[PDB]
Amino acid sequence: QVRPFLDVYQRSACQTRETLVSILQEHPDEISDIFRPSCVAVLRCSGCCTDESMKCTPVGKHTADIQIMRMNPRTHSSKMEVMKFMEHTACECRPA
């Protein structure tokens, strides 16, 4: 089936979409333990704008609370815990 033009723009457009981020990357301050999973999916702005002169930019954000598993690499002890992650809420193509 050919994916119709409107269905194409619907997904290509600048907007918030599921984006994988590394826990250790988002929290560089976390440098003693392992996390499972090691990455989480959160909304981030992405999509192609009218031209490369513009970039899909976040104009709003918030903090999501996500449950993950903290694994102590030294004792192999792991336990559920809630960690905060930054998430984009609104997007717009901007000059940048």
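Start at 1 and count along the sequence shown; that's the residue number.
As the entry records it, the average C-alpha temperature factor is higher for 69 to 77, out of 69 to 77 and 7 to 15.
Averaged over CA atoms, B-factors in the entry run higher in 23 to 31 than in the other of 60 to 68 and 23 to 31.
Looking at the C-alpha B-factors along this chain, the one for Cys91 belongs to the lowest third.
Ranked within its chain, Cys49 lands in the middle third, by CA B factor from the PDB record.
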